[PDB]
Structure formats: structure tokens, C-alpha cells
Ligand SMILES: C[C@H]1CC[C@H](c2ccc3scnc3c2)N(C(=O)C(=O)Nc2cnc(N)c(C3CC3)c2)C1
Ligand SMILES: C[C@H]1CC[C@H](c2ccc3scnc3c2)N(C(=O)C(=O)Nc2cnc(N)c(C3CC3)c2)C1
Ligand SMILES: C[C@H]1CC[C@H](c2ccc3scnc3c2)N(C(=O)C(=O)Nc2cnc(N)c(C3CC3)c2)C1
Ligand SMILES: CSC[C@H]1O[C@@H](n2cnc3c(N)ncnc32)[C@H](O)[C@@H]1O
Ligand SMILES: CSC[C@H]1O[C@@H](n2cnc3c(N)ncnc32)[C@H](O)[C@@H]1O
Ligand SMILES: CSC[C@H]1O[C@@H](n2cnc3c(N)ncnc32)[C@H](O)[C@@H]1O
Ligand SMILES: [Cl-]
Ligand SMILES: [Cl-]
Ligand SMILES: [Cl-]
Ligand SMILES: [Cl-]
Ligand SMILES: [Cl-]
Ligand SMILES: [Cl-]
Ligand SMILES: [Cl-]
Ligand SMILES: [Cl-]
Ligand SMILES: [Cl-]
Ligand SMILES: [Cl-]
Ligand SMILES: [Cl-]
């Protein structure tokens, strides 16, 4: 169910209040650590020397309670960006005081508001406070989805609300955060508490908060409608937004008093719980990848490294994929051996990169299903998996399967193959050097032989995610280029991100490649129309592959093979985020480069602004041959 | 109870065997991943091309079982340091094969033996294997507590056992490990599995393994005696060793067949469980510090930083300490106010550094117990704790206590004090600048006033701990001096270490310091007699303090105040370990330095070899004033 | 791994003693392979593997002209920038007598097999520039009774003390890498302010042709150096000797150094931590030559009187590309 | 059966005893087989008797005519008797007294006692009647590689271990073992064989492939030859009055030598390790070798 919280600006007795909100069902409480109206002076006497105490004692709750249940709130009278110098300095001091007291309490989070365009001095004070202490705090920035100025009732006769299309103005609130977030140098301890009003804005304004680090969504009791019985409920669009937020796994904060006086205060929260429990229950893919969401992993290199047993175990626990492989082999067998030759013709079938032998069992099932004879070779360079292959062969397969423990580029086969079958594809299709391996294996393929897969194509799409950008930035390591983490890809279940344009094909490879002047290097120029305002942080990469005829696999979201969980998308980041205004085209360039020993990718943005060429000479990322 | 394991060199069927050892009560199993007698060839044909499989399949157990329950064993025929070149190369290849298969299985540990002085090529291969893969393995080095050559029966007529005192020879086995450990550059993934024989050596040989990363202790069934009933038991010295190992929280591995055929195989293990459960159950101190053992923490600086609420909460949950403070104040009150003046004389008593007011309550109890009047000041610079102090004062204390929220060096007091009371002491006595603060506070102390504490003295002792040295080494961080972690102290509950000499006093401070030419800098030269062979890695630091007359506190182990858990010892490391032979004296130098803004320590070893001067100009560690 | 610049070759060529020795070796080999009666009926095939700008080619021409024998020359060189110089030489002066081949000697599919192959792929540590691997790859176009010049080479190691060179190596620390990587790599240096702590002893030796079936160029060598002084070990100096043909040899080993030969400086393998050595003790060092498909590197460690760390494991700080 | 043939021994009447282990695959067990037709070996279907054991077998030997002594991977010594007119192989006893793999066993001159060597570095003397261990000696410092009883005295036997020690024993001495090393730092001994006639002389093989002949009372290496390229695993003398010496190695070759250790016959017939060898009592010119390639080869020796 939902992890919820209760916002209050009135706490007469902290123990009673916390107990009450616990009885109501909430998981945590947002409250002021000083009294909201208790303005304090720091510079000018006499109020400077006000006799204490200045707030409650920390003994009123246990340290566990402070650590887990209490979220601090900056007093609303603190204005660090006031036009008045006096108020400016005094609010600097007061904000430092309240932040340091929240840190002294060990609170898990502290709330500060963004109510205007200029929060520069506020950001200065907060960045200082972050960079001083030894604490482990988190800071939630309260940002309205619609600024109060743009949400007011048109009841001012001489200052009416402009009913004119203002595309960029309706997004002003985001810009607020974006400037603040930028001034604090993309701090990982600064997130968003997105407040939601009664009138929801255009869909692009709501999309402007995709990829942003939203930890909390704030719901006032005002935005709740009433049904026949008297329960508080939400409109259809508010419900859509609530589901979208539930997928981001945010915490929900209820604010405001109870206006449905007949019902209890747990009714607002019960409605959220009812929305949560009555959502489409999780399917197998989402169940498996729920914990992997936005988790950066370095790509595997099964050619350079020998994969561990459980990596293969992950690869094998995927029925849809091997069903497709079996179907492709079945069709190919039928298309190569006529019915009258079924016993006089036995096909030679080599699995190149066999692992622990799922493709071998799939080939056996395909032949048994198509009523044709096959002779199997199981080529695998990883000797640890060759152990598994040979135990399989001795115990179950028999002499029908010939296990070969060598590199397919090296192996001098006795006979040529009718069908070669591989799954050397990475998240970016060719990023694990399937083309080079199958090129080296092409010489023991018959003059009319088939390769499964026969085709594969990589796809790129510009994305925006200030969350994944911050993760990549956090991947900085000692003893290397301080920006090397931006010049390498990552296999990740992209989650909190925004697709800025439709994916387009990048690189394509065919097999067999009969071409005389074989060259697997590439140079591709892609232009992505962007019809939104956004900030580019990287490029998501998917792939499609034709195994045989119309049997295909795909991780491209539009054509994704349903319920296939062997590949996650890849992510190519960029050092500097790139602002993109609505209507502009994002032009990116991608190279596939190689020498005798290494293969790597280089990439660069050329429009609307130019980026640096990333990973030149494979300095930060290579793929070993 | 004990976390135990079972060692076997015979596994006919892995599933049956694992189930049996689970029924016997063991928690994990050590077994060969290839057959022990199944020697393999890699260079010379024809045995080179031996048809597979080469061992069992990884499907026989679940990945969870491989990850948790199985410990690999290097086949005993693999000799990487053979005098024969052929065997050398072949064993290199075979050891790489077995290590890589263990990594492919994801085993939590892998056993390799140290049976001789020269394991150089073995260390080369193991270090390579460590530095190649992406794995997360651990390597247990099987080292005998007594070499088999020195444990043989004197039954060779022409080669008798030399019955002559061989102090360094009896330690040869340790040197083995020490060389191997050194060749692999103190790798954190290389630990010790200490094997124990029937005859235990001299006590200094057993002490040679203090401070070493012992993860496992191996017990053969041979070393077990038999009692009246027929159970297997251990001798008194073996039991002492078992208790010593139990405090190091090692895992116990049973090896060898069952020679007590009347009893079950769980009898050997039951005896270990009986030794464990019938040991002195944990007292309060060890209960609290059990999880803190060998945990490096940077020292607190309550002057430079404002301590959090729960740090003070830790400080306050310590009854013995405040009992001693109350007793000291009680005696001082009685010694300053005669019985006839009890009502005509009210003492002025200032707590300098009051925190959340435990010393204030202790002073109140002291006055109420001694039947004397006191006027209390509670001086505290941390305003967050001044909040707690003022809530206390309003609710409970009353106008008897005057809370002062300022620095004791700055505060211009209205009247001078009879008694000043502080607890500004760190683990190294003066390492939190108690002397400077009390110096700045001396001007509002009466001409005949008392300071509690009146004296404090720091103590140093050379220690050996290749474990804590490796932790300190692991504390390397980006954006600073790559060796800065060795030039700073750490507050730690020292556990796996060896005291190489008796602690001796370092620096001493008195209060009040009436001296005209006040100077808190220090230069101290200490000579520590070392009557063992060892490797210096750092210096443990403790302190003693005289609060009043004979009321004292101490973390010096010989004079430690019983059951006082406010301070852990401090540790000053050194960049390079320093070999120390028996009889040599370790001569160390320690400086206390300061300017207007910073205070720091410098230290250096001058004998038997010279070290670098550590933390010069406070470059790696300063204490702010 | 890299194509040497023009002036590096210019340094290599301004060394008369060395090419005099090469010419003498070729001269003797020519006389020993072609009898006087066959001088006109027998023309020897002679391939310079790693020809540079062609000093060995001119030396071979002088050797044949001096020994009164016929030779057919191939000039194999992978560096195309120096192949430019070679081909200008061939067009202007050499003529069709020399056939310039611009490829790798491991790759090149020669038309005929060679009587004599001649190389100078030696580094300061003999094999530290992968002369063995290149000549192994070139052995297949050598005749069944062919000669390789040089035929033998041996590296030499000697423990030294120099708190000056240790401090220089320490100063070689760079951002964006292992803070101690500078100690786990060798340096070519004219050692000057240093002290030899023991006599140099042979480390690794290679022969050519290596007819052996189970060819393996990796090595493991254990050296014990008697030290009869008190000192502080900081590293190991490395020299080499090489037999070009019979008794014609080159050497940078100080005791047997070829007089007035300035093509090689000694090499230096440092160690992270200096090691005190008292009089009478023996310094025991271990040296490995390691390789895979792509890289070749050295590992080394001191085992006596105290143990050091194994330096450059898995070639993490220093590799030599194949 | 199992793939790795470990032991092959001829009985007095000419029957062939075979001991095998499985050193790879799911099960690491062992087996004992008796072939009254020695040319039908290894084939399991054409055997006279057979039995499966708990664990693999490392060494084997006859106890006279009906008994078979087994050193097990389990750390046990097993005695198996031939029963039911030699159609069964039933376990007489199986005692677990070693703490590691038992690598070698040898029956003494009497035939009622035996001696075992294990990887626990211990050597043990067994009474085959009482089924108990008489004496347990820890003489070596590394795993015992071979033990070989003297042919005619059951108080005397040789033992070699990987601590580079070759011990001549005499259980009648209070310090029974005696170190009798050739030269000084010789390579590790691996196989031991007494000479059939000439007593007080024997031969031992090392891990380098060298076979050496040594006299006890003279205690000086009178002769030695580099016969094999790899370690020498076994040495068997022929029943001839002038005995031939069969040498087995891990280079997968069999060699036959005279009294001066010169190469007379050589067999590359095995494509894996050569593990055992025995001469036929019926025909003294026929030699039977078994290997890890599951081959049972019969050589004719000129
Ligand atoms: C599903 C997730 C877990 C497994 C895997 C992954 C990625 C990175 C790391 S780093 C440590 N472990 C991992 C594991 N992953 C992938 O998307 C992926 O790489 N799939 C893939 C690669 N190469 C292939 N030839 C294939 C063919 C089907 C066989 C599939 C994400
Ligand atoms: C007991 C353990 C936990 C608390 C504390 C510690 C150390 C380092 C860190 S780093 C993050 N938290 C911590 C906490 N510690 C100490 O040994 C210690 O510093 N005691 C101490 C210091 N200054 C003092 N004035 C006093 C006076 C009694 C008041 C006591 C170890
Ligand atoms: C004499 C000094 C200058 C040149 C050279 C050197 C070293 C390092 C650097 S780094 C930038 N330039 C340089 C230049 N040097 C040497 O000792 C050396 O490497 N000689 C050498 C290597 N490889 C060879 N195949 C040969 C064969 C004769 C051809 C010779 C020191
Ligand atoms: C199922 S992940 C791809 C599989 O193919 C294997 N593989 C990759 N490249 C080669 C190659 N060149 N020769 C043989 N197997 C290969 C990998 O070791 C892995 O088992
Ligand atoms: C109980 S830890 C020491 C206490 O003394 C306080 N303290 C340390 N130095 C000073 C100072 N100069 N003036 C006032 N309080 C101090 C610290 O803030 C902490 O509460
Ligand atoms: C004189 S320095 C060695 C010379 O040999 C060349 N060389 C080194 N290795 C090879 C090779 N494998 N094939 C051809 N030339 C080579 C180098 O480019 C240089 O000119
Ligand atoms: Cl608290
Ligand atoms: Cl393997
Ligand atoms: Cl291109
Ligand atoms: Cl950029
Ligand atoms: Cl698994
Ligand atoms: Cl405050
Ligand atoms: Cl001083
Ligand atoms: Cl030092
Ligand atoms: Cl060019
Ligand atoms: Cl080697
Ligand atoms: Cl070192």
C-alpha cells in the first residue's frame, strides 16, 4: 500500500499529535521545528537577546522517532531572497538556525519552499549548509505544479487573468526548481515535493516533471471532490496523475484541514490506498525488474570475460525468447528440407555461443517438432559452461550433440553448417561484438547457409533524466579520468525518465555478410524532432533482431516482445546537460570504431548546441576482441 | 552458538553429502571442486586433449547453495612453486582453472594451503586472478599453527628432532603467511584459516597470530581426547585457545574422519557448542561495543562542530562516569565549606560544556547529598543543546541554574567560580582541546578555585594489527593526499590487535595552570621494550584523569574504570609497517603543535628504524580552535 | 606498438660500432654458408626484419661486397613513414636488388624462404620490445637451415641503491591513475648517481631460431645477489648481451660493454618501498615474463632479506603491446 | 563401469583384478572387477565378478588368493573377500582410521598384516585378522606418496612422501624409520619397488621422470636413468629370474628396462595416464597395463 504522510502547521503538543496521526494511519509527519509565527531577531537589539527557550526540547521524542517519523518544515516567515537587506540577513541566520536544528535532531528530511523565480540566496545558504556539516540529511523542495499566481480566481477587476496561450509561462514553476537545482550543483540530497492544485495544467507541464527526483507528492484536502455517500474522492485526471506518481513510488503528503466533517480523517488516505490496491497488479516482467529500476550496471562482455553461472541462469529463465528461437529454427528446417527428403537429409546445425545449452535444447525441440533430422554442434569458449554442456551431453543428449570448447573465430570445423544459431546480442545489438564473431565463423557456413539471427538493428532515443544524470555523475572513481563515467554506456532498466523523440535506427548488421570489403565500423547521423521544452542528459538504446523471416525479438518499447526479460535498455550519457526548447531538433552523431584488439563507440551532439566527442580513442570504454 | 563448517576430501554425491552435513548441524561445507586425484595436463599431448567433462555440473546445487554453503578447495596435486619447470607451468594453469571455476560458481570462499617457505609463484598467480575478474571472492589461506616438519614423531633414527630452544624457528609458519600476505600487497580478500595440531606450541607462537585476519580455525578430529562416557573433548590448553578464537568470532572447520565410532558425528560440533554456550555471558560494556569492534571512526570535535542529539544521548547513558563526577563534586564541596558555614556559604559552580545537562543534575545531586548550597551556571556553546538546557531550566531546575549560551573562552561572567566542572576530554585526553578551553575559562575562576577534572594524562602503546592497518589503508579517498588516511587518528574499539609493550604516559595537563608562560605544545619521546617478534602498524591511545583527589576515570586497560562506555581508544596509524624483532626497543616521538587557529599532532618512529614524520603542519588532520 | 619518429631512427643510425659489428657478423655468415667455388652460382636470400630507414640494408650490402658473395635483399618494415625513406632509397640508389616490404613480419607471406634473417628489435632489457614474438612469427619463412642475426640474447639484472633515482621515480606520480603506478614500470635511463650492490647475473635468454615444439616465451627466474656492504635497495638495473653470429657480440653489461656504443641506455625496475640490506645478507629477487594474446609484461618481487609486493600484477601499470 | 582405471593385478592362477574410480561427473565412486577371462577386460558384461564401492579407489592389492585390499578416498581401508565360488565380492571390513585420502597400500611378507600410506602424512600397520590398527607412525612432513613392503620380511618396508624423504623401516627398532637419501636435494620420489631376487636393493621414480636404482647397505645411487618425460607413477618387476622393470608415467608411455636401466621396449598405446601394470604368471612375456583412457592393453615383450 501507499507510504503516506501528514502535513501540519499547528502542533500544540507533539506527542498527542504524533499519536493521533499514527492512529489515522499515516507513516510520518511534517511539522515545524519552531513555531511558524515565532519570528526571531539576530542582528538588532533588543529582540536580539530574547530569553529562551526558542522551541521544544528534543527529549519529547525518542531518537528513533526523530530519525524515522518527523519531517521538518522551514518557518514561513524566513525569506532569504527578500528585497530588503535587513530581512535578507536575518533570514539567512534563521534558515541556518532551523537547518542546523533539524540536523541536530537527525531528521530524515526537511522541507523548503520554492514560491518565486529568484531563490538564489536561499540556494547559497542551503548549499553552504550541505557542504559544512557531517550530517546525512535530505532536503525536499516544495514546488507547486501550478504557481499560485496562475491559479488565482479571476476576481480582480483591474488585473484579470490573461486567457492567452502561454506555452513556456505555464512551465515557469519547473524553471524555478531547475535554476535552484542548478545553483546547488545537482546535489543528490535535494529532491522535489511536488504540490498539486485543484486545476491541473496542460499535459506538457505535467510531463515537464518526468525524470525529476520526485520524493513526495503533496495533496491538499481542497482538491478532493465528494460522491453520493459523502466520501472524499478525486477527479479522473487527478486519478491519472496519482497513478503516474504511484509508478514513481513517491510518498504522498496530505495537507489542509478536514472539510468532509461527517467522515474521519483517515478517509482521504483510505482513498489513496483504494487507488493503490485497485491498480493493475504486477505482471512477471515488472515483478522481476521492480528492484532493478534506474540501477546502473556496466555492460557484460561475454567475449572478453567468462560469465558466471547465475548470469547464465538469468539468461535461461526467459521462455518467450527461446520459444521464438525454436519457432525460427522450425521454420528454417521446413524451408530447407522438403517432406520427401525428411529421412535422407540431416541438417547440420551449430550453436555458436551455447552457454549452458538452452539453444541446444531449443534446437532439439525444433527438430522433433518439425520432423527433420539434425546434427548438433555446441560451440562455447567459456570452459566453465563447457563443463555444464558436457555433463548434459554425457547424461542426456548423447552423441547427437558434439560439444566444441573453442572460439568460433578460431575453431576449424570438420564440416560446414546448414544453420548457425547465436544469441551474442547486447542491449545495443552489436555492443558485444556479435558481428565480429559471426564474421570469423562465416567460413564454416555452407554457401547457402542460414544465420539465426539474420539481421539486427540498434535504436537510439534522446531522453531527459536529471536523476540518472546524477547517478552517472556519482559514478566517479579514484585513479582515472574524473569524467570517465560519462564516456561509457550503462545497462539499466530506465524508469524515471522522459522520451524526447521517437527511437530511430542506428546501426544494422546482416548475417551472412557476403560483402568483399567487410567493414563493421559505422558513422550515423540522427535528427530527433523535439516538440517539448526539456534538458537532454543522454540517449537510450534498444535493439530489434530478425531471427528468421517474421520471427523477431525486440526491446524497442514500441515493438517490444511481450514479457521478455533478458535485456534491459542501454544508456549513453553526456558530460553536460543540453537545454532543448520546443520545436528544436536534437542532432546526434554516433561512431562504431575498431582496431585489431578493441571495439568502441564514440558519440556527440551537434544540435541545437555541440557537445564534446565522447570516448575518443576508446579512452573510457572499449570492448575487447 | 558457533558458526561451524565441515571439511571433506571425499564427496561421492554432492547432494547426499551436503544434506548429511546439514543434518549433522554444520553451517557450511568445504569440498573439492575437481576430484583431488584427478590430475590434469595442459601443455603436453596426449593427455592434453582428455575428453571431458572435467568435473561435476553447476546445476547440481542452486545458486543460493553455491553462494552460501560451499567453500572450494584447491586440489592437493597443484604445486605452483615446484622446483620442476614442467610442474610449475602446469600447476599455474591448473590453479587458474580451479580459481576461475570457483568464481564461476560464486563461492563465498576458496581454500589454498601454505605448506612451505616459498609460495612466491602461488602468490603471483593468486594476485593476478584477484586483479583480473569482476568477482567478489574471498580466499582463505590454510596455515598450520605448527609446521608438520616440527610436529613429526621422533621415529627417524638418523634424523632426530632437535630438542633445542629455537625461538624464531617455532614461528616459521607465521612468516610463511607474512611473506605471502606481503607479496599480494595486503589484499583484503586474503585471510587465514589457522589449522591446529595435537601439540600446541609456545605461547609466543600463538600470540604471533594476534591482529591477523583469522576467518577460520581448523580442528582435526585427531586432537580430541576422550572422557569416561566416550564423548570427544579437548584438553585445557586447547580449550583456552578455543575461547581466544571464539572472541575473534572465527568460523570453526572440522576435518578428518570420526574416530569416536560409538557417538555421532555431531558430537565434535556439540562440544564446540558446549564450550561456546558455557562461557562468561556478555556484560553491558561488551554488549554495547560488540558491534563497534574494529570500526574506524573519525574523532569528534565538539568545539569545531555542534554534536547531534543522539551523540549526547550516547554520552548521557553512562552511569559510572556521572557517579564519579558526583562523588568528586561531593568531596570538593565538603572540603571547601565547613559544617558551621553550611547555610552562610553558597558555592558558585560552573559547568563548562554542559551539553543537555547531565553534569548539572549530577551537581544538584552532589549538593543535595553533601548538605551544602550551590549556585549553578550551565555554559554551553551548542545552541541546539542550549534549547534542551533551557527547557530543563524552565520546567524543573528553576532560577537556581543560570543557562549561559556562549563560548567559555569568550563569556564575561558576572562572578568568579568556586568550582568549574568539565568533560571536554577525548579518547586521547587533550585531543578535543580541553586545555585551551579551560585556559580561556581560567579568568573567572577564583584565586583558590578548583577545576574538575584537575589532571589528565594521555597514554600510548605500540600495537600490531594487519587487520586495522588494512582498514586504514582502505580509507583512501579521491580529491586528497593518497596517504592522508595514515596521517590522522581514529576512535575505534580495538579488538583484533596485539599490545607490543606496556602503555606509557604521553602528555599531561593540569587545571588550573597558574604558570606565567603558558604553552600547551608538547614534545615527548617514548621507548617501548618489545620482548616478541612482531610488525608495528600503529599506536593505541588511552587516557586517565583525576577529577578530584582520588576520584579518577580511566580508559587505560590496566586501570580502566569498570563498565564505563563513553570513550573508545584512539589509534594513530603509520604509513609503512615496521618489523620489530624480539629484544628491540620501539622508540616513538609525539608532538602536540598549534597556531592561532589549529591544533594537531605529529608523530614518528625513530627506532629500530625511522618512519616519516606523520601529519606535518597538520596537513592531514587538524583540530579547530 | 608505436611508429618511431624520424629523429629516433636518426639516433639509432648515428652509431658506427654497432653496425660495424652487424656487418662483420653478416660477412662471417656469408663466408660460412657459401663456399668459394659457389660464389657466383649461389646467391643468398637475406631479409632485414625491422629495417627502419635502412642502415642494416646498407650494412648487408657492404658485407656482401666485402665477402665477394651474391645476396638478394628484402627490407621488411611495418612503419610506413620509414617505408617512405626505404622506398626513396630503393628508387634512387639501391635498385631492384632490394625488395621493400611494408608489412608486419608476423603477417607477411613471403614468396621465398630466407637464408639469413637480420634484426635489431632488442631493447635495453633484450626482450622488452618483443623481439622473441616477432622472430617467432617470422620463423616460417626461414629456411630449414637458416640463420638469425642475432642468434642469442640474454638480459642481466643487478640490485642498485640510489635515493636520487628513487625520488625521481616517486616524483613521476600523475593524476588519473594508481598513485604508485610509477614504481610498477621500468624506465630507460643513463644510470649515473647510483651504487651497484652485486654483480649482474643473467635473467632471461632467447635463441633464434627456436625450433622447439612447445614454444613458450613466458619466464620465471629467481636470482640471489650476495651483498657485502650496508645499503638501501631502491631498484634493479637491467642490461643485455647478444650474440649476433659466433663470436660477434653486442653488450651494454658494464663488465663486457661494447666500447663506444651509444644506442642503448640501461633499464631500471624500481620498487615501491626501499629495502634495508645489511652487510653479508643476500638480496633475493624474482622476475616473471608474462603474456596473453594481446599484451606482454614483467612482474617482479624481492623475497630476501625482506619481502616486497609483487610489482605490476596483471600488467596493470605497464604492458607491452603485441 | 567407471572411466578411470586405477589398478590391475594378476592372481596366481592368471585371473585379472581391476580397480576403477570415477574422477568426473555426478558421482565420484569406485568399483572392483574380477575377470577370469583377461582378454574380455575392460567390458563389464563379460566379467567374472564385480562390485560398486562407496567411494573411489586409489590403490589396490591382493590378500593372497580370495582377498582384495582397497585404499579408499573416504580415508578408509577396506578388505573385500571373494565369495560364492568367486561370483560375489563382499565387504569383509571397512575401517575409517585415516583422516584423508589413503593413497597406497602394501601387503607384508606374512600376508596377515598390511601397511597403508595416506595424505594425512601418517603411515599405519594393519592386522588383517583382528581388523584393527597395530601402529600409527607420523614420520613424514607431507602426504605419503608410496609404501612398499619388503618381499620376505614383514617388519621391513619402504615409504616415500612429498617431503622428499625415502624411509627404510624396521619395526623391530624403537626408532623404526631410517632416512636413506641419494645425493642431497633430489626431486620428489613418487614410486617404489623392491627387487625380486637381489634383496637390500630397490628402485624409485621421481616427479621429473627419472628412475633410480639404489642399494640399502651401500646407500649410494649406483645408477639412474631419465626414462620418462613426466612423473613416474609406478614400477613393477617381472617374474623372470633376470627381472625386467616396467616403468609407468604420466607422459602416457610404458617402458621396460633391464638391470642397468636401458630402454628395451616402449609403448605409446595409451592416450591418457598409465596407472598400473602386471605381468602374467602363465606367460612371462605378456604385460598388462591399464590407464585413465579406459584401455586394457596387453604387450608382448622380446
Ligand atoms: C536482465 C538484466 C540482468 C542480466 C544482464 C546483465 C547486464 C549487466 C550486468 S553487470 C553484472 N551483471 C549483469 C547482468 N542484463 C542485460 O540487459 C544483458 O546484458 N543481457 C544480455 C547480454 N548479453 C547477451 N548475449 C544476452 C543474450 C540473452 C543471452 C543478454 C540486465
Ligand atoms: C562511545 C563511542 C560512540 C561515541 C563516541 C564517538 C566517537 C566518534 C564518532 S564519529 C560519529 N560519532 C562518533 C561518536 N566515542 C568516543 O569514544 C568518544 O569520542 N567519546 C567522547 C568524546 N568527547 C567527549 N567530550 C566525551 C565526553 C564524555 C562526554 C566522550 C565512541
Ligand atoms: C640512446 C637513448 C635515446 C634513444 C633511446 C630512447 C629510449 C626511450 C625514449 S622515450 C623517447 N625517446 C626515447 C629514446 N634509448 C635507448 O636506450 C633505446 O631505447 N634504444 C633502443 C630501443 N629499441 C631498439 N630496437 C634499439 C635498436 C638499436 C635500434 C635501440 C636511450
Ligand atoms: C549467452 S551470452 C553469449 C555466449 O557466447 C559465448 N561466446 C561469445 N563469443 C564467443 C566466441 N567467439 N566463441 C565462442 N563462444 C563465444 C559467451 O561465452 C557466452 O556463453
Ligand atoms: C559533552 S561533549 C563537550 C561539550 O562541551 C561543549 N563545548 C566544547 N567547547 C566549548 C566551549 N569552548 N564553550 C562552550 N561549550 C563548549 C560542546 O559543545 C559539548 O557540548
Ligand atoms: C630499429 S627499431 C625496430 C624496428 O623494427 C620495426 N618493427 C618492429 N616490430 C616489427 C614487426 N613485427 N614487423 C615489422 N617491423 C617491425 C620497428 O617499426 C622499427 O623500425
Ligand atoms: Cl534524541
Ligand atoms: Cl574448466
Ligand atoms: Cl565509418
Ligand atoms: Cl559535453
Ligand atoms: Cl547456479
Ligand atoms: Cl537554536
Ligand atoms: Cl615543544
Ligand atoms: Cl613511514
Ligand atoms: Cl605513409
Ligand atoms: Cl613460467
Ligand atoms: Cl614493496
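Chains as they are written, first to last, in PDB author numbering: chain A, 13 to 637; chain A', 13 to 637; chain A'', 316 to 637; chain B, 27 to 328. A prime marks a further copy of an entry chain. C-beta atoms are modelled at their ideal positions from N, C-alpha and C, and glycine is treated no differently.
- Limits of the unbroken alpha helix (DSSP H) element including residue 372 of chain A: Looking up residue 372 of chain A in the first chain gives position 360. Residue 372 of chain A -> alpha helix (DSSP H) spans 370-382.
- Task: Output yes or no for whether 8 angstroms exceeds the beta carbon distance between residue 313 of chain A' and residue 575 of chain A'.
- Result: For the purposes of this step, residue 313 of chain A' is taken as the residue at position 301 of the second chain. For the purposes of this step, residue 575 of chain A' is taken as the residue at position 563 of the second chain. For residue 313 of chain A' and residue 575 of chain A', no; Cβs fall outside 8 angstroms.
- When you get a sec, list the residues whose CB is within less than 6 angstroms of any heavy atom of ligand 6, chain order please. A'':319, A'':327, A'':365, A'':367, A'':391, A'':392, A'':393, A'':394, A'':397, A'':419, A'':420, A'':421, A'':435, A'':436, A'':449
- Query: Since residue 499 of chain A'' meets chain A', which of its residues come closer than 9 angstroms, beta carbon to beta carbon?
  - Reply: For the purposes of this step, residue 499 of chain A'' is taken as residue 184 along the third chain, with counting starting at 1. Here the premise fails: no neighbours, minimum Cβ distance about 10 angstroms.
- Message: Just to check my reading of the structure: residue 508 of chain A' and residue 477 of chain A' have Cβ atoms closer than 8 angstroms, yes? What is that Cβ distance to the nearest angstrom?
- Response: Taking the second chain and counting its residues from 1, one reaches residue 508 of chain A' at position 496. Taking the second chain and counting its residues from 1, one reaches residue 477 of chain A' at position 465. Confirmed, about 6 angstroms.
- Query: Just the residues with CB closer than 7 angstroms to a heavy atom of ligand 17, in chain order, which are they?
  - Reply: A'':586, A'':587, A'':588, A'':623, A'':624
- Item | the stretch 455-471 of chain A' touching the stretch 418-438 of chain A', judged by at least three CB pairs closer than 8 angstroms | yes
- Option in A':274, A':82, A':105 with minimal Cα separation from residue 31 of chain A': For the purposes of this step, residue 31 of chain A' is identified with residue 19 of the second chain, where counting begins at 1. Of the listed residues, the one whose Cα sits closest to residue 31 of chain A' is A':82.
- Message: Please tell me whether, using a cut-off of 7 angstroms, the distance from the CB of residue 534 of chain A to the nearest non-hydrogen atom of ligand 9 is below it.
- Response: Position 522 of the first chain, counting from 1, holds the residue named residue 534 of chain A. Yes, the Cβ of residue 534 of chain A comes within 7 angstroms of a heavy atom of ligand 9.
- Item | Between the CA atoms of residue 483 of chain A' and residue 126 of chain A - distance to the nearest angstrom | The count along the first chain starts at 1 and reaches residue 126 of chain A at position 114. The count along the second chain starts at 1 and reaches residue 483 of chain A' at position 471. If I take the Cα positions, the gap works out to 44 angstroms.
- Message: Considering only their Cβ atoms, is the gap separating residue 355 of chain A'' from residue 393 of chain A'' smaller than 8 angstroms?
- Response: Your numbering for residue 393 of chain A'' matches position 78 in the third chain. Your numbering for residue 355 of chain A'' matches position 40 in the third chain. Going by C-beta atoms, residue 393 of chain A'' is not nearer than 8 angstroms to residue 355 of chain A''.
- Message: Is residue 509 of chain A' close to chain A? Criterion is C-beta to C-beta, closer than 8 angstroms.
- Response: As a first step, residue 509 of chain A' must be located in the second chain, where it is residue number 497. So no, residue 509 of chain A' is outside the interface.
- Message: Counting only Cβ pairs nearer than 8 angstroms, list the residues of chain A'' close to residue 491 of chain A.
- Response: The residue you call residue 491 of chain A lines up with position 479 of the first chain. The answer, in chain order, is 491, 492, 493, 494.
- Message: Rounded to whole angstroms, what is the Cα-Cα separation between residue 51 of chain A' and residue 259 of chain A'?
- Response: Position 39 of the second chain, counted from the first residue, corresponds to residue 51 of chain A'. Position 247 of the second chain, counted from the first residue, corresponds to residue 259 of chain A'. Answer to the nearest angstrom: the Cα atoms are 40 angstroms apart.
- residue 75 of chain A beta carbon near ligand 7 (any heavy atom closer than 7 angstroms): Residue mapping note: residue 75 of chain A aligns to position 63 of the first chain, counting from 1. Yes - ligand 7 has a heavy atom lying nearer than 7 angstroms to the Cβ of residue 75 of chain A.
- Selection from A:369, A:435, A:449 that minimises the alpha carbon distance to residue 414 of chain A: Here residue 414 of chain A refers to the residue found at position 402 of the first chain. Looking at the Cα atoms, A:369 is the closest of the given residues.
- Query: Between the stretch 536-551 of chain A'' and the stretch 585-599 of chain A'', do at least 3 Cβ pairs fall closer than 8 angstroms?
  - Reply: yes
- Query: Where does residue 13 of chain A' land, buried or exposed, given buried means 16+ other C-beta within 10 angstroms?
  - Reply: On the second chain, position 1 is the one that residue 13 of chain A' refers to. It is exposed - the Cβ of residue 13 of chain A' has fewer than 16 other Cβ atoms within 10 Å.
- Item | Rounded straight-line distance, which links the Cα of residue 505 of chain A'' to that of residue 464 of chain A'' | Taking the first residue of the third chain as position 1, residue 464 of chain A'' is located at position 149. Taking the first residue of the third chain as position 1, residue 505 of chain A'' is located at position 190. Computed Cα separation, rounded: 26 angstroms.
- Item | Contacts that residue 322 of chain A makes with chain A' (C-beta to C-beta distance below 7 angstroms) | For the purposes of this step, residue 322 of chain A is taken as residue 310 along the first chain, with counting starting at 1. Simply 75, 118.
- Message: Would you say residue 609 of chain A'' lies against chain A (beta-carbon separation less than 8 angstroms)?
- Response: For this step, residue 609 of chain A'' is matched to residue 294 along the third chain. So yes, residue 609 of chain A'' belongs to the interface.
- Item | Sequence-distant residues of its chain with Cβ nearer than 8 angstroms to residue 66 of chain B (five each side left out) | Looking up residue 66 of chain B in the fourth chain gives position 40. Hits under 8 angstroms: 72, 73.
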